[PDB]
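Novice: Just final11.txt, nothing more (compact mmCIF, C-alpha atoms):
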# COMPACT_ATOMS: atom_id res chain seq x y z
CA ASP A 1 161.25 60.56 56.69
CA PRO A 2 160.64 59.13 53.17
CA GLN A 3 158.94 62.46 52.39
CA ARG A 4 162.12 64.41 51.62
CA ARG A 5 161.71 63.94 47.88
CA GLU A 6 158.08 65.12 48.06
CA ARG A 7 159.21 68.14 50.06
CA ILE A 8 161.70 69.00 47.36
CA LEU A 9 158.95 68.96 44.74
CA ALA A 10 156.71 71.19 46.85
CA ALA A 11 159.51 73.70 47.49
CA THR A 12 160.17 73.78 43.75
CA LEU A 13 156.51 74.66 43.15
CA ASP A 14 156.57 77.31 45.91
CA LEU A 15 159.72 78.79 44.34
CA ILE A 16 158.29 78.93 40.81
CA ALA A 17 155.00 80.41 42.05
CA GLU A 18 156.75 83.10 44.10
CA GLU A 19 159.86 84.01 42.10
CA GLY A 20 159.24 82.55 38.66
CA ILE A 21 160.70 79.74 36.58
CA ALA A 22 164.04 81.48 35.86
CA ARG A 23 164.82 81.57 39.60
CA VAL A 24 164.76 77.78 39.83
CA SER A 25 168.03 76.48 41.28
CA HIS A 26 169.23 73.58 43.39
CA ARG A 27 170.46 75.82 46.19
CA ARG A 28 167.31 77.93 46.51
CA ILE A 29 165.09 74.84 46.51
CA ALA A 30 167.15 72.90 49.04
CA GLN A 31 166.88 75.86 51.42
CA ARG A 32 163.09 76.08 51.04
CA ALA A 33 162.70 72.32 51.43
CA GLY A 34 165.01 72.47 54.41
CA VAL A 35 167.19 69.65 53.10
CA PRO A 36 170.93 69.52 52.44
CA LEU A 37 172.03 70.70 48.98
CA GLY A 38 173.23 67.20 48.14
CA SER A 39 169.68 65.85 48.43
CA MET A 40 168.82 67.61 45.16
CA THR A 41 171.10 65.46 42.99
CA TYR A 42 170.56 62.40 45.16
CA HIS A 43 166.87 62.31 44.18
CA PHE A 44 166.87 63.98 40.78
CA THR A 45 168.93 63.37 37.65
CA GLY A 46 168.69 67.03 36.73
CA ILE A 47 166.49 70.13 36.59
CA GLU A 48 164.35 68.73 33.78
CA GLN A 49 163.21 65.66 35.70
CA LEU A 50 162.72 67.89 38.76
CA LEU A 51 160.58 70.32 36.74
CA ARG A 52 158.67 67.51 35.06
CA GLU A 53 157.90 65.87 38.40
CA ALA A 54 157.05 69.21 40.03
CA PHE A 55 154.61 70.37 37.35
CA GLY A 56 153.27 66.85 37.14
CA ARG A 57 152.42 67.09 40.83
CA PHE A 58 150.70 70.47 40.31
CA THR A 59 148.93 68.87 37.35
CA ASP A 60 147.63 65.99 39.51
CA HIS A 61 146.26 68.58 41.94
CA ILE A 62 144.15 70.54 39.44
CA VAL A 63 142.92 67.32 37.84
CA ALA A 64 141.73 66.32 41.29
CA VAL A 65 139.88 69.63 41.48
CA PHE A 66 138.00 68.52 38.38
CA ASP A 67 137.28 65.21 40.10
CA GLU A 68 136.10 66.98 43.24
CA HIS A 69 133.50 69.02 41.34
CA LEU A 70 132.53 66.58 38.60
CA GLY A 71 132.67 63.42 40.68
CA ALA A 72 129.87 64.80 42.86
CA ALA A 73 127.52 65.38 39.91
CA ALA A 74 124.62 62.95 39.47
CA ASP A 75 123.52 63.94 35.95
CA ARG A 76 124.15 66.36 33.07
CA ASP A 77 122.34 69.18 34.87
CA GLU A 78 124.43 68.87 38.03
CA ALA A 79 127.54 68.41 35.89
CA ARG A 80 126.90 71.68 34.03
CA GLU A 81 126.33 73.42 37.37
CA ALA A 82 129.43 71.70 38.73
CA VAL A 83 131.51 72.99 35.82
CA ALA A 84 130.40 76.56 36.51
CA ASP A 85 131.63 76.10 40.07
CA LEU A 86 134.89 74.71 38.74
CA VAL A 87 135.42 77.70 36.45
CA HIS A 88 134.86 80.28 39.17
CA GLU A 89 136.96 78.46 41.75
CA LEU A 90 139.90 78.04 39.34
CA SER A 91 139.72 81.67 38.24
CA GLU A 92 139.79 83.28 41.68
CA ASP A 93 140.43 80.99 44.65
CA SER A 94 144.18 80.47 44.35
CA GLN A 95 146.53 83.02 42.81
CA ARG A 96 149.34 80.50 43.38
CA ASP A 97 147.53 77.94 41.22
CA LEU A 98 146.79 80.53 38.52
CA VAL A 99 150.47 81.54 38.44
CA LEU A 100 151.73 77.92 38.33
CA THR A 101 149.25 77.19 35.56
CA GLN A 102 150.56 80.13 33.54
CA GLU A 103 154.20 79.28 34.27
CA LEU A 104 153.62 75.79 32.92
CA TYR A 105 151.92 77.08 29.76
CA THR A 106 154.86 79.42 29.02
CA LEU A 107 157.29 76.55 29.57
CA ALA A 108 155.32 74.26 27.25
CA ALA A 109 155.09 77.03 24.64
CA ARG A 110 158.88 77.50 24.68
CA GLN A 111 160.05 73.89 25.06
CA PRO A 112 157.82 71.39 23.15
CA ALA A 113 159.03 68.52 25.33
CA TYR A 114 156.90 69.98 28.12
CA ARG A 115 153.75 69.76 25.99
CA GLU A 116 153.75 66.10 27.04
CA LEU A 117 152.76 67.51 30.42
CA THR A 118 150.00 69.77 29.13
CA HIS A 119 148.78 67.02 26.78
CA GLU A 120 148.50 64.55 29.66
CA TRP A 121 146.84 67.25 31.77
CA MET A 122 144.17 67.93 29.12
CA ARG A 123 143.60 64.19 28.71
CA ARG A 124 142.93 63.57 32.41
CA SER A 125 140.64 66.60 32.58
CA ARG A 126 138.62 65.14 29.71
CA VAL A 127 138.37 61.78 31.44
CA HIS A 128 136.35 63.28 34.31
CA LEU A 129 134.38 65.37 31.83
CA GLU A 130 133.50 62.27 29.82
CA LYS A 131 131.81 60.81 32.89
CA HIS A 132 128.91 63.09 31.96
CA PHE A 133 129.35 64.19 28.34
CA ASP A 134 130.33 62.46 25.10
CA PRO A 135 134.02 62.64 23.98
CA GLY A 136 133.48 65.43 21.48
CA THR A 137 131.57 67.79 23.74
CA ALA A 138 133.96 66.94 26.58
CA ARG A 139 136.82 68.19 24.40
CA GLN A 140 134.97 71.34 23.33
CA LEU A 141 133.96 71.89 26.97
CA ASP A 142 137.54 71.56 28.26
CA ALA A 143 138.61 74.34 25.90
CA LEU A 144 135.70 76.51 27.09
CA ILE A 145 136.56 75.91 30.74
CA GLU A 146 140.13 76.90 29.93
CA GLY A 147 139.04 80.13 28.25
CA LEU A 148 136.36 81.16 30.76
CA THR A 149 138.76 80.59 33.65
CA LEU A 150 141.49 82.63 32.00
CA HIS A 151 139.20 85.52 31.11
CA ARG A 152 137.73 85.71 34.61
CA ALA A 153 141.09 85.40 36.36
CA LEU A 154 142.83 88.14 34.38
CA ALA A 155 139.80 90.41 34.25
CA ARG A 156 139.56 93.84 35.82
CA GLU A 157 135.85 93.06 36.03
CA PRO A 158 135.18 89.27 35.80
CA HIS A 159 131.94 88.09 34.23
CA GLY A 160 129.35 86.41 36.45
CA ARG A 161 128.07 82.85 36.90
CA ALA A 162 124.95 83.29 34.74
CA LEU A 163 127.17 84.06 31.75
CA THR A 164 129.43 81.14 32.67
CA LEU A 165 126.48 78.78 33.04
CA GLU A 166 124.99 79.84 29.69
CA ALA A 167 128.20 79.22 27.73
CA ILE A 168 128.45 75.83 29.37
CA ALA A 169 124.81 75.03 28.55
CA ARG A 170 125.39 76.07 24.94
CA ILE A 171 128.65 74.11 24.41
CA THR A 172 127.06 70.99 25.95
CA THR A 173 123.98 71.17 23.70
CA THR A 174 123.45 68.32 21.21
CA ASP A 175 119.96 68.95 19.74
CA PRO B 1 164.78 109.47 16.12
CA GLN B 2 162.70 106.33 16.65
CA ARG B 3 164.51 105.46 19.88
CA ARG B 4 161.23 105.04 21.75
CA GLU B 5 159.97 102.66 19.08
CA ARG B 6 163.21 100.67 19.01
CA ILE B 7 163.08 100.31 22.79
CA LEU B 8 159.50 99.02 22.71
CA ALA B 9 160.50 96.68 19.90
CA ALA B 10 163.60 95.42 21.69
CA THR B 11 161.51 94.82 24.82
CA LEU B 12 159.11 92.44 23.08
CA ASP B 13 162.06 90.78 21.34
CA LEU B 14 163.88 90.20 24.64
CA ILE B 15 160.76 88.88 26.35
CA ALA B 16 159.99 86.66 23.34
CA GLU B 17 163.39 84.97 23.19
CA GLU B 18 164.88 85.31 26.67
CA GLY B 19 161.94 85.55 29.05
CA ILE B 20 160.32 88.20 31.23
CA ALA B 21 162.89 87.85 34.05
CA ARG B 22 165.61 89.04 31.66
CA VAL B 23 164.06 92.48 31.25
CA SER B 24 166.14 95.26 32.78
CA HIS B 25 166.91 98.77 31.57
CA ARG B 26 170.54 97.79 30.90
CA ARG B 27 169.83 94.73 28.79
CA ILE B 28 167.01 96.42 26.83
CA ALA B 29 169.11 99.55 26.26
CA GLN B 30 171.74 97.17 24.86
CA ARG B 31 169.29 95.37 22.58
CA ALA B 32 167.86 98.61 21.25
CA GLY B 33 171.29 100.18 20.86
CA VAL B 34 170.38 103.29 22.86
CA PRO B 35 172.08 105.04 25.80
CA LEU B 36 171.06 103.80 29.27
CA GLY B 37 169.63 107.25 29.89
CA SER B 38 167.04 106.83 27.14
CA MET B 39 165.33 104.11 29.20
CA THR B 40 164.84 106.40 32.21
CA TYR B 41 163.99 109.40 30.05
CA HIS B 42 161.27 107.99 27.81
CA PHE B 43 159.67 105.80 30.47
CA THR B 44 158.74 106.34 34.13
CA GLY B 45 159.98 102.82 34.89
CA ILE B 46 159.80 99.15 33.96
CA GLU B 47 156.05 99.10 34.62
CA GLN B 48 155.15 101.81 32.09
CA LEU B 49 157.56 100.18 29.64
CA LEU B 50 156.05 96.69 29.84
CA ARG B 51 152.63 98.29 29.75
CA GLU B 52 153.42 99.99 26.42
CA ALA B 53 155.45 97.12 24.98
CA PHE B 54 152.71 94.56 25.59
CA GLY B 55 150.21 97.23 24.56
CA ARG B 56 151.85 97.15 21.12
CA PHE B 57 151.71 93.36 21.01
CA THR B 58 147.97 93.37 21.69
CA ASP B 59 147.53 95.94 18.91
CA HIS B 60 149.22 93.38 16.68
CA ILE B 61 146.81 90.61 17.71
CA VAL B 62 143.71 92.81 17.63
CA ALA B 63 144.81 93.67 14.10
CA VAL B 64 144.69 89.96 13.32
CA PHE B 65 141.15 89.65 14.69
CA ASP B 66 140.32 92.43 12.27
CA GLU B 67 141.05 91.48 8.66
CA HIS B 68 139.58 88.16 9.76
CA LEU B 69 136.22 89.03 11.16
CA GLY B 70 136.79 92.17 9.12
CA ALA B 71 135.52 90.90 5.86
CA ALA B 72 132.94 88.35 6.89
CA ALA B 73 129.58 89.62 5.59
CA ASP B 74 127.67 86.91 7.32
CA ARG B 75 127.14 85.28 10.67
CA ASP B 76 128.18 81.97 9.09
CA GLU B 77 131.08 83.59 7.21
CA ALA B 78 131.94 85.10 10.60
CA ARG B 79 132.01 81.63 12.18
CA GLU B 80 134.37 80.21 9.54
CA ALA B 81 136.57 83.30 9.95
CA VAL B 82 136.75 82.76 13.71
CA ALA B 83 137.76 79.16 13.06
CA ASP B 84 140.50 80.33 10.69
CA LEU B 85 141.54 82.86 13.33
CA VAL B 86 141.81 80.13 15.96
CA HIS B 87 144.00 77.88 13.84
CA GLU B 88 146.23 80.69 12.59
CA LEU B 89 146.58 81.99 16.15
CA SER B 90 147.78 78.56 17.30
CA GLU B 91 150.17 77.52 14.50
CA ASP B 92 151.69 80.42 12.58
CA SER B 93 153.87 82.22 15.14
CA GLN B 94 155.59 80.75 18.20
CA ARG B 95 156.72 84.30 18.99
CA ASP B 96 153.13 85.44 19.36
CA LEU B 97 152.33 82.31 21.37
CA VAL B 98 155.19 83.00 23.77
CA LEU B 99 154.36 86.69 24.05
CA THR B 100 150.71 85.98 24.85
CA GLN B 101 151.79 83.51 27.52
CA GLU B 102 154.33 85.92 29.00
CA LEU B 103 151.60 88.58 29.22
CA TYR B 104 149.26 86.08 30.87
CA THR B 105 151.85 85.20 33.52
CA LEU B 106 152.61 88.87 34.27
CA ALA B 107 148.92 89.72 34.67
CA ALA B 108 148.38 86.68 36.91
CA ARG B 109 151.26 87.83 39.15
CA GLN B 110 150.59 91.58 39.10
CA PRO B 111 146.89 92.63 38.93
CA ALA B 112 148.02 96.06 37.77
CA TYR B 113 148.73 94.58 34.36
CA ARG B 114 145.22 93.11 34.22
CA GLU B 115 144.31 96.54 32.87
CA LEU B 116 145.75 95.74 29.45
CA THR B 117 144.60 92.13 29.42
CA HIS B 118 141.19 93.63 30.20
CA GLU B 119 141.52 96.15 27.36
CA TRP B 120 142.65 93.36 25.05
CA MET B 121 139.50 91.34 25.72
CA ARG B 122 137.42 94.48 25.23
CA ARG B 123 139.00 95.29 21.86
CA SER B 124 138.54 91.66 20.84
CA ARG B 125 134.84 91.66 21.64
CA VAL B 126 134.47 94.87 19.63
CA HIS B 127 135.32 93.07 16.40
CA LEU B 128 133.22 90.04 17.38
CA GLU B 129 130.22 92.21 18.23
CA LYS B 130 130.14 93.21 14.57
CA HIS B 131 128.50 89.85 13.97
CA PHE B 132 127.18 88.61 17.30
CA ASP B 133 125.22 90.01 20.22
CA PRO B 134 127.20 91.19 23.32
CA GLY B 135 126.68 88.14 25.52
CA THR B 136 127.59 85.80 22.67
CA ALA B 137 130.62 87.89 21.70
CA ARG B 138 131.94 87.54 25.25
CA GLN B 139 131.39 83.76 25.48
CA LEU B 140 132.97 83.36 22.07
CA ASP B 141 136.06 85.38 22.98
CA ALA B 142 136.64 82.98 25.88
CA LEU B 143 136.12 79.93 23.65
CA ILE B 144 138.53 81.41 21.10
CA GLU B 145 141.03 81.79 23.93
CA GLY B 146 140.62 78.24 25.19
CA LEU B 147 140.63 76.55 21.78
CA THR B 148 143.74 78.47 20.72
CA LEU B 149 145.65 77.49 23.87
CA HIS B 150 144.56 73.85 23.65
CA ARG B 151 145.65 73.56 20.01
CA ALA B 152 149.00 75.23 20.75
CA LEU B 153 150.03 73.24 23.83
CA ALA B 154 148.88 69.84 22.61
CA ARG B 155 151.10 67.19 21.07
CA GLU B 156 148.48 66.77 18.36
CA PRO B 157 146.15 69.75 17.87
CA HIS B 158 142.50 68.91 17.18
CA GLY B 159 141.07 69.34 13.68
CA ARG B 160 139.14 72.25 12.20
CA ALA B 161 135.92 70.28 12.57
CA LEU B 162 136.08 70.33 16.38
CA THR B 163 136.90 74.05 16.33
CA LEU B 164 133.96 74.94 14.08
CA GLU B 165 131.44 72.80 15.98
CA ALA B 166 132.40 74.44 19.29
CA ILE B 167 131.99 77.87 17.70
CA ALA B 168 128.66 76.84 16.18
CA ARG B 169 127.34 75.86 19.60
CA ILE B 170 128.56 78.90 21.52
CA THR B 171 127.13 81.23 18.86
CA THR B 172 123.79 79.39 18.84
CA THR B 173 120.94 81.88 19.27
Write out the structure in this file as C-alpha cells.
Specialist:
Amino acid sequence: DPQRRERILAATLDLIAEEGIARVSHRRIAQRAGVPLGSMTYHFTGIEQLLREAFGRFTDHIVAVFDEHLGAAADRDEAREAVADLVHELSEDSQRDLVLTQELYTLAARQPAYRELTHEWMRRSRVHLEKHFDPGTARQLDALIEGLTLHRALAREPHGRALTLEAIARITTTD
Amino acid sequence: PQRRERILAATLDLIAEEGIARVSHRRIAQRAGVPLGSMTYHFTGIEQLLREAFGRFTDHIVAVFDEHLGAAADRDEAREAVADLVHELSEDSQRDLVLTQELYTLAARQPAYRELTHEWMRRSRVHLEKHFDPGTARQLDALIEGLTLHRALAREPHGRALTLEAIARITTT
C-alpha cells in the first residue's frame, strides 16, 4: 500500500486538530496512522517537513473548497452568491477545519518560515477568485472572506447571509 | 499586593512566548512568583483565569481601536484612521499577533470562550459605530480582521493603497 505516507499526513492533521500542535510527536502519529514507528523517519526528514507537508495537504483541501464554490459560478452575480456560500460553509460546517486553520495561523505567526505556507494558500485562493474578479478586488475580497468567516465562526451569535452578501457586493463594486 | 495582576500578566506572557498548552497553575505560579495556592485562591480554575487574562488582552486592543478612531472628526478621517489601525495591528507587535491567534484557536476549540471573542467584536464595533452605521460597522470590523491577518501572515504584506480602497468600498453608503 503506497498510501502509508499519505496516512501519516492525515494522522498528523487529526492529531493537531484534536490535541493541538504541541502534542505532535512521531510516536503518537505512528499509532494513529497505524504504522510502525520507524515509518515516520523513513518517509520524513524531520518534524518540519512533516508539518509542512501536513498543513500543505490541509491547505490544498480548503483551496479546493474555493474551487468547488467558485468553479460553479457562471458570472459575477453567481460568483458573489457563491462566495457567500463559501463564507458560511467555512465558518460553521467543520470545526476540525476551523481549528486546523487557526493552528496554522498561530504557527505562521510564531515561525516566519511557515508564512510560505499561508502565502501560497492566499495566492491559490486568489487564483480562483480572479476567475471572476480583477486582481485587486480579488485580493480585497480574499481578506473580506477571511474576516467574515472568522467573525461568524467565533461568534456567540453569527451574522446572517444578507449581511455577508452585502459586504461582498460592496467590496466587489467598481463603479 | 498585586498578586492577581501579576498572575494575569504572567499568563499572557507564558501564552505569548511558550504557547497555550504550556499553561498550568504550577508554571504560571512560577512565572508570577506567587505561591501555588494563590492560583487556586484567586481563580475558580484555568477557565476563569484564561477568560480574565485574555479579557485583559482584548482591553489592550480595544484601547488601540480607540485613540485611533478616537480622534477622527470625519468619516474620511475615520477611514484613514482605520487604515492606520490595520497596518499598526499587523506590523508593530508580534506579541499581540501571537496572542490574538492563541485566543482565536482557543475559541475555535472551546465555544465557551467565544463569549469573549464575541464581546471583543462588540466593543470594536462600538468605536466604529462612532463614524459608521451599524451594518457598515459590522462589515468593516470583519474586513479589518481579514486585512490585518493577511498582512501579518504574508511574506510581503500589501500596501496601504489596497487597505484604504477595501475600506472605502465596504464603507460605501
Novice: CA of residue 124 (chain A) to CA of residue 63 (chain A): how many Å, to one decimal?
Specialist: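 Going from CA of residue 124 (chain A) over to CA of residue 63 (chain A) covers 6.6 Å.
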Novice: Using all atoms listed in the file, which residues sit within 12 Å of residue 175 (chain A) once same-chain residues fewer than 3 positions away are excluded, as number ranges by chain?
Specialist: A: 169-172; B: 169, 172
Novice: Using all atoms listed in the file for the distances, tell me which of A:155, A:162, A:30, A:127 is nearest to residue 122 (chain B).
Specialist: A:155
Novice: Please, what distance in Å, to one decimal, runs between CA of residue 57 (chain A) and CA of residue 79 (chain A)?
Specialist: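 So the two atoms, CA of residue 57 (chain A) and CA of residue 79 (chain A), lie 25.4 Å apart.
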Novice: For residue 103 (chain B), find every residue with an atom within 12 Å (counting all atoms listed in the file), except residues of its own chain fewer than 5 positions away, and show them as a count of residues only.
Specialist: 35
Novice: One decimal, Å: what's the distance from CA of residue 95 (chain B) over to CA of residue 62 (chain B), could you say?
Specialist: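 That distance, rounded to one decimal, is 15.6 Å.
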Novice: Applying 9 Å and all atoms listed in the file, which residues near region 83-92 of chain B remain after dropping the ones on its own chain fewer than 5 positions away? List them as a list in words.
Specialist: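 Counting only the stated atoms, we get residues 61, 64, 65, 68, 69, 78, 97, 144, 145, 147, 148, 149, 150, 151, 152, 153, 157, 160, 163, 164 and 167 of chain B.
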Novice: Could you check which of B:124, B:136, B:11, B:105 is closest to chain A, using only C-alpha atoms?
Specialist: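 Using only C-alpha atoms, chain A sits closest to B:105.
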Novice: Can you tell me which residues surround residue 14 (chain A) at a distance of at most 12 Å, considering only C-alpha atoms, apart from same-chain residues fewer than 5 positions away, and format the answer as a list in words?
Specialist: residues 7, 8, 9, 19, 20, 21, 23, 24, 28, 29, 30, 31, 32, 33, 54, 55, 58, 95, 96, 97, 99 and 100 of chain A
Novice: Applying 10 Å and only C-alpha atoms, which residues near residue 70 (chain B) remain after dropping the ones on its own chain fewer than 6 positions away? List them as a tab-separated table (two decimals) with C-alpha atoms, keeping the file's coordinate frame.
Specialist:
chain	number	residue	atom	x	y	z
B	63	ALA	CA	144.81	93.67	14.10
B	64	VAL	CA	144.69	89.96	13.32
B	78	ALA	CA	131.94	85.10	10.60
B	81	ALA	CA	136.57	83.30	9.95
B	127	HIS	CA	135.32	93.07	16.40
B	128	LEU	CA	133.22	90.04	17.38
B	130	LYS	CA	130.14	93.21	14.57
B	131	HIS	CA	128.50	89.85	13.97
Novice: Let me make sure I understand: among A:80, A:61, A:26, A:126, which one has the smallest atom-to-atom distance to residue 41 (chain A) if we use all atoms listed in the file?
Specialist: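 Of all the options, A:26 lies closest to residue 41 (chain A).
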Novice: Which residue out of A:11, A:56, A:44, A:18 has the minimum interatomic distance to chain B when all atoms listed in the file are used?
Specialist: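 For chain B, the nearest of the given residues is A:18.
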Novice: Can you save region 45-107 of chain A of the given block to a file, including C-alpha atoms and formatted as a compact mmCIF listing (two decimals), in the first residue's frame?
Specialist:
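Printed below is decode-v2.txt as written:
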# COMPACT_ATOMS: atom_id res chain seq x y z
CA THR A 45 13.41 14.05 7.23
CA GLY A 46 12.02 15.61 10.38
CA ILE A 47 9.01 17.23 12.05
CA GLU A 48 9.29 20.39 9.96
CA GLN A 49 8.91 18.64 6.62
CA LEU A 50 6.12 16.54 8.16
CA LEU A 51 4.33 19.67 9.38
CA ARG A 52 4.90 21.49 6.10
CA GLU A 53 3.50 18.57 4.10
CA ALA A 54 0.60 18.09 6.53
CA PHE A 55 -0.55 21.71 6.54
CA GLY A 56 0.10 21.85 2.82
CA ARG A 57 -2.37 19.00 2.42
CA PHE A 58 -4.96 20.80 4.58
CA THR A 59 -4.23 23.89 2.51
CA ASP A 60 -4.93 22.04 -0.77
CA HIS A 61 -8.26 20.93 0.72
CA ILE A 62 -9.60 24.40 1.56
CA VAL A 63 -8.36 25.78 -1.75
CA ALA A 64 -10.41 23.05 -3.40
CA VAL A 65 -13.40 24.27 -1.39
CA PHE A 66 -12.91 27.63 -3.08
CA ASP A 67 -12.78 25.83 -6.42
CA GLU A 68 -15.92 23.87 -5.62
CA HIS A 69 -17.95 27.03 -4.97
CA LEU A 70 -16.33 29.44 -7.41
CA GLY A 71 -15.77 26.98 -10.23
CA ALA A 72 -19.54 26.50 -10.49
CA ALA A 73 -20.24 30.23 -10.93
CA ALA A 74 -21.16 31.43 -14.42
CA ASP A 75 -20.82 35.20 -13.88
CA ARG A 76 -20.10 37.91 -11.29
CA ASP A 77 -23.57 37.59 -9.79
CA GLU A 78 -23.30 33.84 -9.25
CA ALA A 79 -19.72 34.32 -8.04
CA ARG A 80 -20.82 36.81 -5.37
CA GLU A 81 -23.57 34.41 -4.31
CA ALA A 82 -21.05 31.57 -4.42
CA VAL A 83 -18.70 33.48 -2.12
CA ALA A 84 -21.47 33.97 0.44
CA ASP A 85 -21.97 30.22 0.42
CA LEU A 86 -18.23 29.74 0.83
CA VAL A 87 -18.11 32.07 3.84
CA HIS A 88 -20.95 30.35 5.67
CA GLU A 89 -19.72 26.85 4.93
CA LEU A 90 -16.17 27.64 6.11
CA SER A 91 -17.42 29.33 9.27
CA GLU A 92 -19.68 26.54 10.52
CA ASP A 93 -19.53 23.24 8.65
CA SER A 94 -16.29 21.79 10.00
CA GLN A 95 -14.92 22.60 13.45
CA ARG A 96 -11.90 20.43 12.55
CA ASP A 97 -11.15 22.67 9.56
CA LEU A 98 -11.63 25.84 11.64
CA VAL A 99 -9.22 24.50 14.29
CA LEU A 100 -6.59 23.42 11.72
CA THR A 101 -6.88 26.81 10.06
CA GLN A 102 -6.27 28.56 13.38
CA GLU A 103 -3.43 26.19 14.33
CA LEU A 104 -1.69 27.02 11.07
CA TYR A 105 -2.11 30.77 11.57
CA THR A 106 -0.57 30.57 15.07
CA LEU A 107 2.33 28.54 13.68
